[PDB]
Amino acid sequence: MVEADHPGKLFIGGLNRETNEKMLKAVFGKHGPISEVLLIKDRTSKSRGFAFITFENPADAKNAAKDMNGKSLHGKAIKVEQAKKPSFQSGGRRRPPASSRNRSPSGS
RNA sequence: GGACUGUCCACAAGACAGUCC
């Protein structure tokens, strides 16, 4: 399966500068393992909250999605979506070009 | 790069202004 790409990286919307890494492993872990845990901010603490979690398999991301997907657990609902790159590259997917030994990003 | 403070906006991978090291 590749119909949304395969990074196993999953977006939780809420956090509300209210809940934390605790909820992250909670919500996401409800139906998977979890190999990485991320909450998104600014200045390393100008300070907001939005969550990213990486799962040992993309299966498990889908699982925690299918489970969660509009449940409610910090005095608010959580939104659960499969995560996508923070900037444009091609459309709906990264789809990188072919390469092997092109010139390194350095010189005189 | 780190710590702070003021602001938009705070649920896609954030940033602005001012300060100190």
# chains A, B, ... in the order shown; residues from 1 in each chain; ligands from 1

call {"tool": "interface_residues", "arguments": {"of": "chain B", "to": "chain A", "cutoff": "9 Å", "atoms": "only C-alpha atoms (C1' of nucleotides)", "output": "PyMOL selection string"}}
result
chain B and resi 10-15

call {"tool": "write_last_selection", "arguments": {"atoms": "C-alpha atoms (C1' of nucleotides)", "output": "PDB file, in the first residue's frame"}}
result
ATOM      1  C1'   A B  10      -2.166  28.833  17.494  1.00  0.00           C
ATOM      2  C1'   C B  11      -4.669  21.482  14.410  1.00  0.00           C
ATOM      3  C1'   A B  12       1.429  20.501   8.959  1.00  0.00           C
ATOM      4  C1'   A B  13       6.061  20.540  10.765  1.00  0.00           C
ATOM      5  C1'   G B  14       5.575  28.875  12.002  1.00  0.00           C
ATOM      6  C1'   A B  15       7.217  33.251  12.195  1.00  0.00           C
TER       7        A B  15
END

call {"tool": "residues_around", "arguments": {"residues": "residue 21 (chain B)", "least_positions_apart": "6", "cutoff": "12 Å", "atoms": "only C-alpha atoms (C1' of nucleotides)", "output": "list in words"}}
result
residues 1, 2, 3 and 4 of chain B

call {"tool": "write_last_selection", "arguments": {"atoms": "C-alpha atoms (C1' of nucleotides)", "output": "PDB file, in the first residue's frame"}}
result
ATOM      1  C1'   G B   1      22.652  28.179  18.980  1.00  0.00           C
ATOM      2  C1'   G B   2      20.754  28.882  24.084  1.00  0.00           C
ATOM      3  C1'   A B   3      17.361  31.851  27.758  1.00  0.00           C
ATOM      4  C1'   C B   4      13.648  35.716  28.191  1.00  0.00           C
TER       5        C B   4
END

call {"tool": "atom_distance", "arguments": {"atom1": "CA of residue 34 (chain A)", "atom2": "CA of residue 96 (chain A)"}}
result
26.1 Å

call {"tool": "select_by_dssp", "arguments": {"residues": "chain A", "states": "helix (DSSP H, G or I)", "output": "PyMOL selection string"}}
result
chain A and resi 21-29+58-67

call {"tool": "select_by_dssp", "arguments": {"residues": "chain A", "states": "strand (DSSP E or B)", "output": "list in words"}}
result
residues 9, 10, 11, 12, 13, 36, 37, 38, 39, 40, 50, 51, 52, 53, 54, 72, 77, 79, 80, 81 and 82 of chain A

call {"tool": "atom_distance", "arguments": {"atom1": "CA of residue 97 (chain A)", "atom2": "CA of residue 54 (chain A)"}}
result
24.5 Å

call {"tool": "atom_distance", "arguments": {"atom1": "CA of residue 101 (chain A)", "atom2": "CA of residue 6 (chain A)"}}
result
25.5 Å

call {"tool": "decode", "arguments": {"residues": "region 7-19 of chain B", "atoms": "N, CA, C and O atoms (P, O5', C5', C4', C3', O3' and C1' of nucleotides)", "output": "PDB file, in the first residue's frame"}}
result
ATOM      1  P     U B   7       1.132  40.543  24.484  1.00  0.00           P
ATOM      2  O5'   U B   7       1.261  40.439  22.879  1.00  0.00           O
ATOM      3  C5'   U B   7       0.880  41.521  22.044  1.00  0.00           C
ATOM      4  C4'   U B   7       1.137  41.263  20.552  1.00  0.00           C
ATOM      5  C3'   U B   7       0.291  40.148  19.935  1.00  0.00           C
ATOM      6  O3'   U B   7      -1.092  40.457  19.805  1.00  0.00           O
ATOM      7  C1'   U B   7       2.504  40.094  19.078  1.00  0.00           C
ATOM      8  P     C B   8      -2.199  39.301  19.618  1.00  0.00           P
ATOM      9  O5'   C B   8      -2.063  38.828  18.091  1.00  0.00           O
ATOM     10  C5'   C B   8      -2.438  39.658  17.000  1.00  0.00           C
ATOM     11  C4'   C B   8      -1.996  39.031  15.667  1.00  0.00           C
ATOM     12  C3'   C B   8      -2.756  37.750  15.313  1.00  0.00           C
ATOM     13  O3'   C B   8      -3.951  37.979  14.567  1.00  0.00           O
ATOM     14  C1'   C B   8      -0.402  37.451  15.040  1.00  0.00           C
ATOM     15  P     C B   9      -5.155  36.914  14.515  1.00  0.00           P
ATOM     16  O5'   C B   9      -4.514  35.445  14.361  1.00  0.00           O
ATOM     17  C5'   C B   9      -4.085  34.862  13.135  1.00  0.00           C
ATOM     18  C4'   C B   9      -3.391  33.517  13.364  1.00  0.00           C
ATOM     19  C3'   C B   9      -4.248  32.557  14.202  1.00  0.00           C
ATOM     20  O3'   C B   9      -5.168  31.779  13.438  1.00  0.00           O
ATOM     21  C1'   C B   9      -1.999  32.705  15.024  1.00  0.00           C
ATOM     22  P     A B  10      -6.153  30.715  14.140  1.00  0.00           P
ATOM     23  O5'   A B  10      -5.173  29.496  14.549  1.00  0.00           O
ATOM     24  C5'   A B  10      -5.241  28.855  15.818  1.00  0.00           C
ATOM     25  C4'   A B  10      -3.924  28.127  16.133  1.00  0.00           C
ATOM     26  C3'   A B  10      -4.019  27.300  17.420  1.00  0.00           C
ATOM     27  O3'   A B  10      -4.340  25.958  17.094  1.00  0.00           O
ATOM     28  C1'   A B  10      -2.166  28.833  17.494  1.00  0.00           C
ATOM     29  P     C B  11      -4.453  24.789  18.179  1.00  0.00           P
ATOM     30  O5'   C B  11      -4.192  23.570  17.166  1.00  0.00           O
ATOM     31  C5'   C B  11      -2.882  23.214  16.732  1.00  0.00           C
ATOM     32  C4'   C B  11      -2.862  22.562  15.332  1.00  0.00           C
ATOM     33  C3'   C B  11      -3.452  23.503  14.287  1.00  0.00           C
ATOM     34  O3'   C B  11      -2.699  23.499  13.069  1.00  0.00           O
ATOM     35  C1'   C B  11      -4.669  21.482  14.410  1.00  0.00           C
ATOM     36  P     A B  12      -1.387  24.391  12.861  1.00  0.00           P
ATOM     37  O5'   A B  12      -0.356  23.426  12.055  1.00  0.00           O
ATOM     38  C5'   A B  12      -0.483  23.161  10.654  1.00  0.00           C
ATOM     39  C4'   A B  12       0.787  22.523  10.035  1.00  0.00           C
ATOM     40  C3'   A B  12       0.885  22.841   8.527  1.00  0.00           C
ATOM     41  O3'   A B  12       1.581  24.019   8.081  1.00  0.00           O
ATOM     42  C1'   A B  12       1.429  20.501   8.959  1.00  0.00           C
ATOM     43  P     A B  13       2.662  24.872   8.944  1.00  0.00           P
ATOM     44  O5'   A B  13       3.678  23.894   9.750  1.00  0.00           O
ATOM     45  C5'   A B  13       4.965  23.493   9.279  1.00  0.00           C
ATOM     46  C4'   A B  13       5.764  22.816  10.413  1.00  0.00           C
ATOM     47  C3'   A B  13       7.247  22.536  10.026  1.00  0.00           C
ATOM     48  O3'   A B  13       8.357  23.172  10.670  1.00  0.00           O
ATOM     49  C1'   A B  13       6.061  20.540  10.765  1.00  0.00           C
ATOM     50  P     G B  14       8.447  23.614  12.202  1.00  0.00           P
ATOM     51  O5'   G B  14       7.420  24.863  12.284  1.00  0.00           O
ATOM     52  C5'   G B  14       7.285  25.679  11.129  1.00  0.00           C
ATOM     53  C4'   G B  14       6.869  27.129  11.253  1.00  0.00           C
ATOM     54  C3'   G B  14       7.819  27.968  12.088  1.00  0.00           C
ATOM     55  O3'   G B  14       9.165  28.035  11.628  1.00  0.00           O
ATOM     56  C1'   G B  14       5.575  28.875  12.002  1.00  0.00           C
ATOM     57  P     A B  15      10.272  28.861  12.450  1.00  0.00           P
ATOM     58  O5'   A B  15       9.835  30.398  12.287  1.00  0.00           O
ATOM     59  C5'   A B  15       9.918  31.071  11.038  1.00  0.00           C
ATOM     60  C4'   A B  15       9.099  32.373  11.070  1.00  0.00           C
ATOM     61  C3'   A B  15       9.659  33.337  12.098  1.00  0.00           C
ATOM     62  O3'   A B  15      10.781  34.100  11.673  1.00  0.00           O
ATOM     63  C1'   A B  15       7.217  33.251  12.195  1.00  0.00           C
ATOM     64  P     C B  16      11.494  35.137  12.673  1.00  0.00           P
ATOM     65  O5'   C B  16      10.512  36.413  12.680  1.00  0.00           O
ATOM     66  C5'   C B  16      10.317  37.261  11.560  1.00  0.00           C
ATOM     67  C4'   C B  16       9.282  38.323  11.911  1.00  0.00           C
ATOM     68  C3'   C B  16       9.846  39.245  12.977  1.00  0.00           C
ATOM     69  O3'   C B  16      10.701  40.180  12.317  1.00  0.00           O
ATOM     70  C1'   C B  16       7.589  38.673  13.452  1.00  0.00           C
ATOM     71  P     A B  17      12.098  40.647  12.951  1.00  0.00           P
ATOM     72  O5'   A B  17      11.573  41.599  14.130  1.00  0.00           O
ATOM     73  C5'   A B  17      10.889  42.800  13.840  1.00  0.00           C
ATOM     74  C4'   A B  17      10.344  43.428  15.108  1.00  0.00           C
ATOM     75  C3'   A B  17      11.412  43.639  16.174  1.00  0.00           C
ATOM     76  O3'   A B  17      12.183  44.814  15.920  1.00  0.00           O
ATOM     77  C1'   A B  17       9.410  42.748  17.107  1.00  0.00           C
ATOM     78  P     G B  18      13.736  44.883  16.324  1.00  0.00           P
ATOM     79  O5'   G B  18      13.687  44.836  17.925  1.00  0.00           O
ATOM     80  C5'   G B  18      13.314  45.978  18.678  1.00  0.00           C
ATOM     81  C4'   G B  18      13.224  45.658  20.172  1.00  0.00           C
ATOM     82  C3'   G B  18      14.509  45.069  20.756  1.00  0.00           C
ATOM     83  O3'   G B  18      15.554  46.018  20.920  1.00  0.00           O
ATOM     84  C1'   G B  18      12.601  43.935  21.570  1.00  0.00           C
ATOM     85  P     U B  19      17.087  45.548  20.990  1.00  0.00           P
ATOM     86  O5'   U B  19      17.191  44.638  22.311  1.00  0.00           O
ATOM     87  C5'   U B  19      17.098  45.217  23.603  1.00  0.00           C
ATOM     88  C4'   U B  19      17.057  44.152  24.705  1.00  0.00           C
ATOM     89  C3'   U B  19      18.326  43.331  24.869  1.00  0.00           C
ATOM     90  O3'   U B  19      19.328  44.143  25.474  1.00  0.00           O
ATOM     91  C1'   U B  19      16.345  42.019  25.168  1.00  0.00           C
TER      92        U B  19
END
